[PDB]
Amino acid sequence: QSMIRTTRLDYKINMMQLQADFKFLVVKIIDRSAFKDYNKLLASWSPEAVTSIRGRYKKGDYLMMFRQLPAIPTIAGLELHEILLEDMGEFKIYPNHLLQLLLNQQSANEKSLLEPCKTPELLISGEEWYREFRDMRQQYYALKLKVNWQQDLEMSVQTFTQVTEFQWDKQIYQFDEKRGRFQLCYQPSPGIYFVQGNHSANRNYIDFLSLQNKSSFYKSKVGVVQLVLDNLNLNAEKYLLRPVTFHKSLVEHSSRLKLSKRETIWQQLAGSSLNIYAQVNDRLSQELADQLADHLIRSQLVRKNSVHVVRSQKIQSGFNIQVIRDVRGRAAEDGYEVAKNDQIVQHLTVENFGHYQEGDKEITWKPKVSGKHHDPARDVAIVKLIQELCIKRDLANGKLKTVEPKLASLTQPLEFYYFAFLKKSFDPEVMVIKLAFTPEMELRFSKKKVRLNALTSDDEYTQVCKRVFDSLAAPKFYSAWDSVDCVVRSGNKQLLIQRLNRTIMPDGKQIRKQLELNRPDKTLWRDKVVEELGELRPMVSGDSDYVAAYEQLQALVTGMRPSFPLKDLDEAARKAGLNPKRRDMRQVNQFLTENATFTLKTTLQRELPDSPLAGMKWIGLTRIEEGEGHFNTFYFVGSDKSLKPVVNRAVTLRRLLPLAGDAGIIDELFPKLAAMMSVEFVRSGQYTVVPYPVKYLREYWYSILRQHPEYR
DNA sequence: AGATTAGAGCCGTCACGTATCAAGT
DNA sequence: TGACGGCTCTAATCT
DNA sequence: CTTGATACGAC
Ligand SMILES: [Mg+2]
């Protein structure tokens, strides 16, 4: 059974050893203005580490670790307290604080020992994470690593920009070239100073996972995290009862459902007219409208589906795609047109769709045509235009037709609740929208306003709000309710879907192992390689050309130079015909990875019984053991296609908790939601994270906001 | 009064191929 | 107003 | 003997 690994950390600190070799102490800046002393005081000190605890009931602010305690002075506005490790519980401290305090001493360099650290946050950076930013203004983006109270390891990106003087008030950070991390600066020191906050229009991003090679892997979030964890394990082995490793977990109700081809939605729009018109006459949308109309005509996909694409002058019945100028707050006339009666309108803007940079007077937009026939109808953007058009038709007609009888009959007995926390109207207020399906698959939208102060009402809309209200940690801000996605109701059974910051983390240990096996340079010796292949020859069994390819590989290394890089051998195999795409090479390729000192290609992309890239694909359900007895259920959404060599983002964990119906809730509804979450018309070419009726609800609420500005 | 968490706003993301099971004269 | 989620931010919050 | 329309793969 597969095993996903979340962010949660599993570890045990060697408590006595931590007490034996270090003397911790806590500092509570009593008065606001006091910080300033604490700083000068901290500058004259040399603590092993510093961390912030932010105890609920005060109980100190900064916990700091030394080897030998300096003579503690007494100053007003703050107070210091030498602590014993058993009182660690007393002051509202938790083992995550000790783990963070120990982690602050590590660095990203391989085989890095412990070092003193005055900065209460691990901020890992590199020389390759720096842009010039026009004229002499340095800028570095770093990966802050922090262990929170829930034992989650949050990784964030923080941008630092150069300043030309030692500035008080705001914190001052300096880059340590050798260690690679950013250190807080307490006194004016030689070097260059940085402050938090980007001052450019380039949002720095770090790829979540890189699989191209080891060098690119170590430049990703997973690579840096794995390096830090390995350094911590090899440096704190005396201080750790159990090594710091990511949580294991089992996966249940896995759904390897295959998304249908995106051209299926094109078939749905069959036999109807699709008008295209522009906002008055701006010479920009007018021209873009003509180009869009002509391309669809020659696509030959609409001709198969008998789609009438007509370039009209103004509003027409049926499907109508229009072109506007994205005026909004541009201090001009807004050409956006509101659909009325049976008209269905989907709007597109020249700036976004045509990538119209302020410049050339003619639109250079061109659909991405590929796959033998160069038909623009396969363009991702144009496909999504039809995808929304079908949804808006369903909303107008009030009938479900997109998901085929099958899925529709599966979603018939379930009802969905969507919560929209109102911005204005002082008193806290959320909009509860309930969607119901008739046996004839007709949409029934109903909403009831509820006040967050008085939930004593017995009506259904109030009761569901009361159930969610207790579940949420701080139901006072927007983001508390924005985290809530929907509430699936099966009559007397309810289930809540909530977002979380917990994410899937692939096995960093295995990724490092295979990538090191496939290191591009990986200097070898001819004798050892020949012997290595020789001993494993009896274990290759035989699959016809499989052994012949293996024997061909053995002969290839025989005639080569005694010391060669792996790239030269890899290049030689390409001439030999052992392309890493045919059945013969792949079996040789996979066999080498399991037991050898080199491999032509890793097995990371390909699926395996126990693949290290687990949880990044398909839909699965897991039961993370958070609190003793209180099992928590989560579901993750990956990607149906094979993952690209580089993965930019990660997979978050949505949370399912039974609002009513004990534990039988999750086992029954999840297979229903599994088929709900396998539709490609919400997220193009990808699994929808939430059930698709949530999409339907969002558009209906958006339509309400158009004529109800007070709800915005 | 610095820490933070909020709350909003943005970049990224959605292809050719060898394998093949059955579509046959 | 391709639009969808992560998530990086900045400002707002709560000190 | 022959090819046509789905899959794990790269990359
Ligand atoms: Mg829209």
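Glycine also receives a Cβ, built like all others from the backbone with ideal geometry; neighbour counts cover every protein chain displayed. Any read-out appearing in this document is the output of simple, stated calculations on the displayed coordinates, not a laboratory observation.
As a test of understanding, state the convex hull volume per residue of chain A from its alpha carbons, in Å³.
234 Å³
When a/c reaches 1.5 or more, the comparison of a/b and b/c decides; with that in mind, is segment A:264-397 rounded, prolate or oblate per its Cα gyration tensor?
Verdict is oblate for segment A:264-397.
What is the distance in Å between the Cα centres of segment A:454-518 and segment A:21-48?
So the separation of the two Cα centres works out to 39 Å.
Name the long-range amide H neighbours of residue A:660: under 5 Å, sequence gap of 5 or more, or other chain; modelled H, no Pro or chain starts.
So residue A:660 has HN proximity to A:494.
Which of the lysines could be linked to residue A:340 by a straight reach, that is with a Cα gap under 19 Å, when you skip same-chain ones fewer than 8 residues away?
A:314, A:392, A:399
If I take every Cα pair under 8 Å that is 6 or more residues apart in chain A, average their sequence separation and divide by the length, what percent do I get for the relative contact order?
Over chain A, the number comes to 13 percent.
With the convex hull built on the Cα atoms of segment A:374-510, state its orientation-averaged projected area in nm².
13.9 nm²
For residue A:172, which sequence-distant residues (separation of 5 or more, or a different chain) have an amide H within less than 5 Å of its own amide H, given hydrogens modelled in the peptide plane?
When sequence neighbours closer than 5 places are left aside, the close amide H contacts are A:185.
For segment A:142-148, take each phi angle, set θ = phi - 60°, evaluate the Karplus expression 6.51 cos²θ - 1.76 cosθ + 1.60, and give the result in whole Hz per residue in order, putting x for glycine and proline.
After applying 6.51 cos²θ - 1.76 cosθ + 1.60, I find 10, 9, 6, 10, 9, 9, 8 Hz.
Out of the GluC sites (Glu not before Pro) in segment A:609-641, which ones are loop residues according to DSSP with at most 11 other C-beta atoms within 10 Å?
Answer in residue order: A:628.
When a/c is below 1.5 the answer is rounded, else prolate if a/b is larger than b/c, else oblate, so apply that to segment A:5-248 with a ≥ b ≥ c taken from the square roots of the Cα gyration tensor eigenvalues.
Because a/c hits 1.5 or more and a/b fails to exceed b/c, segment A:5-248 counts as oblate.
Read phi for every residue in segment A:151-164 and hand back ³J(HN,Hα) as whole Hz from Karplus 6.51 cos²θ - 1.76 cosθ + 1.60, θ = phi - 60°, with x for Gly and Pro.
For segment A:151-164, the Karplus curve yields 6, 8, 9, 7, 10, 10, 10, 10, 9, 10, 10, 6, 10, 10 Hz.
Express the relative contact order of segment A:56-124 as a whole percentage, based on alpha carbon pairs under 8 Å and six or more residues apart in sequence.
26 percent
Convert each backbone phi in segment A:459-475 into a coupling constant with the Karplus relation 6.51 cos²θ - 1.76 cosθ + 1.60 (shift: θ = phi - 60°), then list the ³J(HN,Hα) values in order as whole Hz, x for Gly and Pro.
With the stated coefficients, segment A:459-475 comes to 5, 4, 5, 6, 4, 5, 4, 5, 4, 5, 4, 5, 5, 5, 5, 10, x Hz.
So which trypsin sites (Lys or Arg not before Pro) in segment A:401-497 are both in a DSSP loop and have at most 15 other Cβ atoms within 10 Å of their Cβ?
Passing sites in segment A:401-497 are A:401, A:423, A:424, A:476.
Non-local amide H neighbours of residue A:78 (under 5 Å, H modeled in plane, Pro and chain starts lacking H): which ones?
A:30, A:31
Choose one of A:78, A:316, A:218: the residue whose Cα lies farthest towards the positive end of the charge dipole of chain A (beta-carbon charges +1 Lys, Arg; -1 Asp, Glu; about the Cα centre).
A:316
Determine, for each peptide in A:223-232, A:145-154, A:358-367, A:572-581, the mean count of other beta carbons within 10 angstrom over its residues, then list the peptides with the highest first.
Those peptides, ordered most packed to least, come out A:223-232, A:145-154, A:572-581, A:358-367.
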